[PDB]
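Engineer: give me the fold of what follows.
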Amino acid sequence: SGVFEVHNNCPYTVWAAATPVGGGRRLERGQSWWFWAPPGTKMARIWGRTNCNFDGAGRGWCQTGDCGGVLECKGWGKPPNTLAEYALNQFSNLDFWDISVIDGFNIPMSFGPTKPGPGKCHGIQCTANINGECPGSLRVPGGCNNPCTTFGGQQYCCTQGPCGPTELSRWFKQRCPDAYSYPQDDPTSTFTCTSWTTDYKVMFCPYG
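Structural biologist: Residues are numbered from 1 along each chain as shown. Shown next is the protein structure:
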């Protein structure tokens with residue numbers, strides 16, 4: 001319960017990050033990072049940072065997902081960064097989790113329970129070649145930004161009230177049907193498992 005394995009299967013190095021628990025860890029291909037989240041942990045995210053350069057003290061910078069120039073993240077990363085989000089022991093004894101591209105996409109990833117269950121408690125992924133097919137307007141080095149990051153505004157960010165899918169969010173949704181494509185993409189993007197029944201695993205580049 002509450003245990004996360006973050007495994008890197010990408011050809012390149014990935015500096016894993018996680019908040020509010022976890023921190024960060026350099027992961028060469030084949031390596032795993034294990035951390036535990038106390039029961040009740042909410043608004044948590046796990047992500048990978050690419051093309052980093054750190055000194056001996058842990059200060060540096062990353063091309064994507066940079067969390068304030070430090071290796072062990074205390075805060076969120078700079079988009080674009082594919083996200084695995086979770087909240088344990090929420091209402092009705094359920095863990096709520098998802099993969100999100102609301103803050104862009106940088107690395108393909110899978111996210112799922114170690115002990116599956118009925119309903120939505122099964123593994124999901126977002127492994128489409130988003131970086132290679134990314135629209136020119138959203139394209140950045142090593143990633144593909146969500147229109148809310150690139151353009152801003154209610155239409156894409158939904159800060160002013162109800163919003164719906166846009167041509168750009170749909171572009172993401174077509175490639176990753178199980179991931180959050182825009183702020184209010186809730187019905188087809190939320191997955192759950194009964195609390196205290198399973199651990200979780202995140203993999204960067206499942207297919208290599």
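
Engineer: what's around the nearest residue to residue 53 once chain neighbours are set aside, how many residues?
Structural biologist: In this structure, residue 53 finds its nearest non-sequential neighbour in residue 60, 4.9 Å apart by Cβ to Cβ, 6 or more residues apart in numbering. Bear in mind the C-beta positions are built from the backbone N, C-alpha and C, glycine included. Each residue near residue 60 was counted by other Cβ atoms under 10 Å, and the total is 14.

Engineer: before we move on, what about the one 3 residues further on?
Structural biologist: The burial metric for residue 63, expressed as a neighbour count using other Cβ under 10 Å, is 17.

Engineer: on that earlier part again, next one: the residue nearest to residue 53 from residue 185, what distance?
Structural biologist: 33 Å (Cβ to Cβ, to the nearest Å).

Engineer: show me what contacts residue 142?
Structural biologist: Residues in contact with residue 142 (Cβ atoms under 8 Å, 6 or more residues apart in numbering) are 50-51, 63-64, 80, 106, 131.

Engineer: from residue 42, how far off is it?
Structural biologist: On the measure of Cβ to Cβ, residue 142 and residue 42 end up 29 Å apart.

Engineer: in which helix or strand would I find residue 156?
Structural biologist: Residue 156 is part of helix 154-157, with elements assigned from DSSP states H and E.

Engineer: which helix or strand lies directly C-terminal to that helix?
Structural biologist: Next along from helix 154-157, by DSSP H and E: helix 167-175.

Engineer: which strands or helices does that following helix pack on?
Structural biologist: If contacts are counted by 3 or more Cβ pairs under 8 Å, 6 or more residues apart in numbering; DSSP states H and E, helix 167-175 sits against helix 130-133.

Engineer: got a list of contacts for the helix it packs on?
Structural biologist: The contact list for helix 130-133 (Cβ under 8 Å, 6+ apart) reads 101, 105-106, 108, 142-144, 172, 175-176.

Engineer: can you pick the most crowded of those residues?
Structural biologist: residue 106 (32 neighbours).

Engineer: let me know whether that one touches residue 62 as I believe.
Structural biologist: No. Checked against Cβ atoms under 8 Å, the pair residue 106 and residue 62 is beyond contact range at 9.7 Å.

Engineer: which residues are in contact with each of the two?
Structural biologist: In contact with both residue 106 and residue 62: 49-50, using Cβ under 8 Å, 6+ apart.

Engineer: re earlier: may I ask which of the contacts of residue 142 has the most neighbours?
Structural biologist: residue 106 (32 neighbours).

Engineer: please report the distance of that residue from residue 141.
Structural biologist: 10 Å.

Engineer: swap in residue 73?
Structural biologist: For residue 73, the distance to residue 141 equals 20 Å [Cβ to Cβ].

Engineer: distance of the residue of the chain positioned farthest from its centre relative to residue 71?
Structural biologist: Distance from the C-alpha centroid of the chain peaks at residue 56, with 27.0 Å (Cα atoms, centre = their mean). Separation of residue 56 from residue 71 (Cβ to Cβ): 10 Å.

Engineer: flag every buried residue along stretch 7-27.
Structural biologist: For stretch 7-27, burial by neighbour count (16 or more other Cβ atoms under 10 Å) applies to 7-10, 13-19, 22-25, 27.
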